[PDB]
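Asker: Structure provided below as structure tokens; questions to follow.
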Amino acid sequence: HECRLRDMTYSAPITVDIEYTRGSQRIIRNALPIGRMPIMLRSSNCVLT
Amino acid sequence: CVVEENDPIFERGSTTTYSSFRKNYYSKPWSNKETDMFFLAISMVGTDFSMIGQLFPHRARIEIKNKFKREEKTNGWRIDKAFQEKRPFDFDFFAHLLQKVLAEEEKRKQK
Amino acid sequence: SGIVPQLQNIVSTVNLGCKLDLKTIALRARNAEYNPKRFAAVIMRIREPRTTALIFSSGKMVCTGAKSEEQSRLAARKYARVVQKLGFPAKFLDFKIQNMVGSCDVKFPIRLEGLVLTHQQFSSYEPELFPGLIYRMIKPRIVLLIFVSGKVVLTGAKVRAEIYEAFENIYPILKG
Amino acid sequence: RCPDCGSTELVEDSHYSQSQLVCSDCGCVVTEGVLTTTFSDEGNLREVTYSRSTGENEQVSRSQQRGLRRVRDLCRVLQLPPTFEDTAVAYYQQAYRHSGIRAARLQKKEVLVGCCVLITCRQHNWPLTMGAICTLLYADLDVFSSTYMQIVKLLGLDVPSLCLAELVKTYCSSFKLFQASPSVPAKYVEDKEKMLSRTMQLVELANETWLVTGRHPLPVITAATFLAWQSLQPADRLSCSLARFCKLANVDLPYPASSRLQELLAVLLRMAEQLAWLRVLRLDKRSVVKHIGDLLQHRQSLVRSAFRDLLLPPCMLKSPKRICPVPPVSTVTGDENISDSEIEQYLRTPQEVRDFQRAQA
Ligand SMILES: [Zn+2]
């Protein structure tokens, strides 16, 4: 309802843990935003369920 | 393709990072007899930073410069006292004193 | 204000009106340093006034570390005499005070945020980089480093009266 | 105006789906009908800007294009609104007008992008430390700061002060103490709102007690949130330390923060001596955190009593008996020359010259 009033989307940010190499050194991650998925109402992640 | 050459390392998880903004340049400390030999080298050669840095393999040029500036700021009286007295340039006995300082610092590290 | 600033550093340049050979003055002098691999000028240090000078082959020379204009003039004349003793027609021409840096203290703490809120167009306060506030007054064009300890450093002036008037003008701003 | 009577009291009033100008005195119209664009043609027509209808936006070097794309990706990775992107690209295009700025290295352009997005976030009350920006830049922070000072001296734009409350709001949320993840025991979990309020009160106490002036804010914020976390449960958290808390929170602890912490603890002591029950309890540096809330209840009178007995660095609080010693007046210069033996002492002897030539032969 707050998203309805404020005229903004109702989405959840995507977290990701990955691994890569910068100087041939394995650097790992734990939580990195990559985007936002719109959350359908009364879904598993929705607060209304 | 390497085989078991690098190990995984966790670094910079993309959180709020502290603003260090400091580069603490590592400077080797100064000993008592090291300060005395630096003072005698100054008195024998003058204020030539290049020559002093050449005959100081255990030190650096910027370290010698910082030490000279600190001495001129704090113990200018001793600086002038050393500059008034003169001593001829010695090479063989200077190398012998360098070896003695090497042995002394080795004994100090053994302690 | 009841407080008089203390001048600490004087910068002044002088032209010798003749060409010099840096290797000659660096080879026959004990207090001279010349390393052309990094810096192509001669560094000399005179002890009695405790000042340091830079000598260039083009004939220009600059002094630093003096406390007053008279001490800077004395150091410049000493360096001119030294250059003349090495077989060079050095002259003392076009002598003018270029810069002066002084320090002082107010003996009370100073809020570095109220100043940047009231004098934003005259200062650039960034505590994340340097603790001291940097104030730039445009009427005398003076740069001031201010600290929470109350001690203030002033620079950019040409005469002692400029430092004095800058301090007496910045004092009510710091007190308020 | 009125063509007949000359009255200039013409009023715009909405008729029955008709716009016109009429005078209120004689009721005569001077201009009726208005021409407006239709949405059927509005969606067909393409908008043209004066940045493109003048020949500009084509004299954009490959380096300027790289710089603006860097600004775009930097403001996008921070998840900033498009208004921030517009303001940042405007600031970049304004700063790129100088000849000394356009002729520079890639490091210079990158640190300029960093400083531009920093100013952009500083404008609309968006706190963001320079460390988090330098982390996303392929350069060092010293040259970044030097270029920042240079460009703020050259342009002289508005630079708001970093707000401490918003910085605390941004910094406290980065901790993982709010969620009961398997990596942290359930005893360390706390509520986000209570911890945020406690940290805000503690950083306000630090601000009013001269602990935000000069020193970096982040160590003070870390000390404040550490004291808050300890006071929330001293039964099971007083035995820990700042290093243990930073290791558990997976956050790089500031080096001076502990020292800052000590100073704050000292302040707490200077408050605990004023309260009767606390001054009878005879607390110490360790047992003072458990009453921090009480110290935050009546902090105003406590800090007033503490200041009626200021804060300065410990280097100058050693009772300086000689403050700014006056140097002796020695502005004399003799007549023309005080002495000439100084030149004889400063010159090199032929033996010394030969030794110098042999040393580095
Ligand atoms: Zn009419």
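Cβ coordinates were reconstructed from backbone atoms using ideal geometry, including for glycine residues, and neighbour counts include every protein chain displayed. The numbers here are math on the coordinates, done by the rules we state, and not lab data.
Asker: I need the fraction of alpha carbon pairs in chain B separated by more than 22 Å, rounded to a whole percent.
Answerer: Result for the distance tail: 51 percent.
Asker: So, one more: Provide the three semi-axes, in whole Å and in decreasing order, of the ellipsoid equivalent to segment D:101-169 as defined by the square roots of 5 times the Cα gyration tensor eigenvalues.
Answerer: One finds semi-axes of 22, 14, 9 Å for segment D:101-169.
Asker: Take every residue in peptide C:76-83, count the Cβ atoms of other chains within 10 Å of its Cβ, and give the average of those counts.
Answerer: 2
Asker: Same structure again: Net charge near B:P88, counting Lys/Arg +1 and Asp/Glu -1 over other residues with Cβ under 14 Å of its Cβ?
Answerer: Residues near B:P88 contribute +1 overall.
Asker: May I pose another question? Starting from the Cα gyration tensor of chain D, take the square roots of the eigenvalues, sort them a ≥ b ≥ c, and report rounded, prolate or oblate (rounded when a/c is under 1.5, otherwise prolate if a/b is larger than b/c, else oblate).
Answerer: Verdict is oblate for chain D.
Asker: What nm distance separates the two modelled labels at D:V48 and D:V189, each placed 7 Å from Cα along Cα→Cβ?
Answerer: For D:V48 paired with D:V189, the spin-label model returns 6.3 nm.
Asker: Given the C-alpha centroids of segment D:46-77 and chain A, what is the distance between them in whole angstrom?
Answerer: If we compute the Cα centre of each part, the gap is 30 Å.
Asker: To continue, here is another question. Under 8 Å for C-alpha pairs, at least 6 residues apart: give me the relative contact order for segment B:1-84, rounded to a whole percent.
Answerer: 26 percent
Asker: If all Cα-Cα distances of segment D:97-237 are sorted into 10 Å bins from 0 onward, what percent lands in each bin, rounded to whole numbers?
Answerer: Going from the shortest bin to the longest, the percentages are 10, 32, 28, 18, 9, 2, 0.
Asker: What value does segment C:12-97 have for Rg/Rh, both radii from Cα atoms and Rh as Kirkwood defines it?
Answerer: 0.93
Asker: Report the calculated FRET efficiency for C:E165 and B:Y25 (r = Cβ-Cβ distance, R0 = 51 Å), to the nearest 0.05.
Answerer: 0.80
Asker: A further question on this structure: With a ≥ b ≥ c the root eigenvalues of the C-alpha gyration tensor of chain A, is it rounded (a/c under 1.5), prolate (a/b larger than b/c) or oblate?
Answerer: prolate
Asker: Could you please report the charge total around D:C28, scoring K, R as +1 and D, E as -1 over all other residues with beta-carbon less than 13 angstrom from its beta-carbon?
Answerer: Here the count lands on -3.
Asker: Next question, about the same structure. Let me spell out the model: positive unit charges on the Cβ of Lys and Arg, negative unit charges on the Cβ of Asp and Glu, origin at the Cα centre of segment C:12-97. What dipole size does that give, in debye rounded to 20?
Answerer: So the dipole magnitude of segment C:12-97 works out to roughly 220 debye.
Asker: Shifting gears a bit: If you count, for each residue, the other Cβ atoms within 10 Å and average over each peptide, how do D:336-342, B:16-22, B:34-40 line up from highest to lowest?
Answerer: By packing density, highest mean first, the sequence is B:16-22, B:34-40, D:336-342.
Asker: Separation of segment C:20-54 and segment B:1-80 by C-alpha centroid, Å?
Answerer: Here the two parts' Cα centres lie 23 Å apart.
Asker: A further question on this structure: Count the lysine pairs in chain D that are 8 or more places apart or on different chains: how many have C-alpha atoms under 28 angstrom apart?
Answerer: 26
Asker: Okay, moving on. To the nearest 0.05, how large is the calculated FRET efficiency for C:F39 and D:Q65 if R₀ is 35 Å and r is the Cβ-Cβ distance?
Answerer: 0.35
Asker: Something else now. If you fit an axis through the alpha-carbon atoms of helix C:69-85 and take the longest principal axis of the Cα set of chain C, what angle between them do you get, 0 to 90°, nearest 10?
Answerer: 20 degrees
Asker: Still on this model: Could you work out [θ]222 nm for chain C from helices alone, using -39500 (n - 2.57) per DSSP H run of at least four and dividing by all its residues? Round to the nearest 500 deg cm²/dmol.
Answerer: For chain C, the value works out to -8000 deg cm²/dmol.
Asker: Within segment C:1-147, how many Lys pairs sit with Cα atoms under 19 Å apart, leaving out pairs fewer than 8 places apart on the same chain?
Answerer: Close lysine pairs found across segment C:1-147: 15.
Asker: How high is the relative contact order of chain A, in percent, with contacts defined as C-alpha pairs under 8 Å that are six or more residues apart?
Answerer: 32 percent
Asker: Go through segment D:55-97 and name the trypsin sites (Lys or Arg not before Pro) that are in a DSSP coil and have 15 or fewer other Cβ atoms within 10 Å of their Cβ.
Answerer: D:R97
Asker: By how many degrees, between 0 and 90 and to the nearest 10, does the Cα long axis of helix C:160-175 differ from the longest principal axis of chain C?
Answerer: 20 degrees
Asker: Can I ask one more? Can you compute the label reach from D:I323? Point 7 Å from Cα along the Cβ direction, backbone N cut-off under 13 Å, restricted to segment C:121-156.
Answerer: Answer for segment C:121-156: C:149-152.
Asker: State whether the protein assembly as shown is rounded, prolate or oblate according to the following rule on the C-alpha gyration tensor (a ≥ b ≥ c being the square roots of its eigenvalues): a/c under 1.5 gives rounded; otherwise a/b larger than b/c gives prolate, and the remaining case gives oblate.
Answerer: Since a/c reaches 1.5 and a/b is larger than b/c, the shape of the protein assembly as shown is classed as prolate.
Asker: Which angle from 0 to 90°, rounded to the nearest 10, does the C-alpha axis of helix B:32-45 make with the longest principal axis of chain B?
Answerer: 60 degrees
Asker: Determine the distance separating the Cα centre of segment D:283-352 from the Cα centre of segment D:166-224; give it in Å without decimals.
Answerer: Here the answer is 33 Å between Cα centres.
Asker: Please identify the GluC sites (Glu not before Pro) of segment D:1-109 that satisfy two criteria: DSSP loop assignment and at most 12 other Cβ atoms within 10 Å. Which are they?
Answerer: Those satisfying the criteria are D:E9, D:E47, D:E56, D:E58.
Asker: So, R0 is 41 Å and r is the distance between the beta-carbons of A:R6 and D:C5; what FRET efficiency does that work out to, to 0.05?
Answerer: Efficiency, from the Cβ-Cβ distance: 0.15.
Asker: Okay, moving on. Could you please report the charge total around D:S161, scoring K, R as +1 and D, E as -1 over all other residues with beta-carbon less than 13 angstrom from its beta-carbon?
Answerer: Once all neighbours under 13 Å are counted, the net charge is -3.
Asker: Hey, got a sec? Which trypsin sites (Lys or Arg not before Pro) in segment D:310-352 land in a DSSP loop and have at most 10 other Cβ atoms within 10 Å?
Answerer: D:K318, D:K321, D:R322
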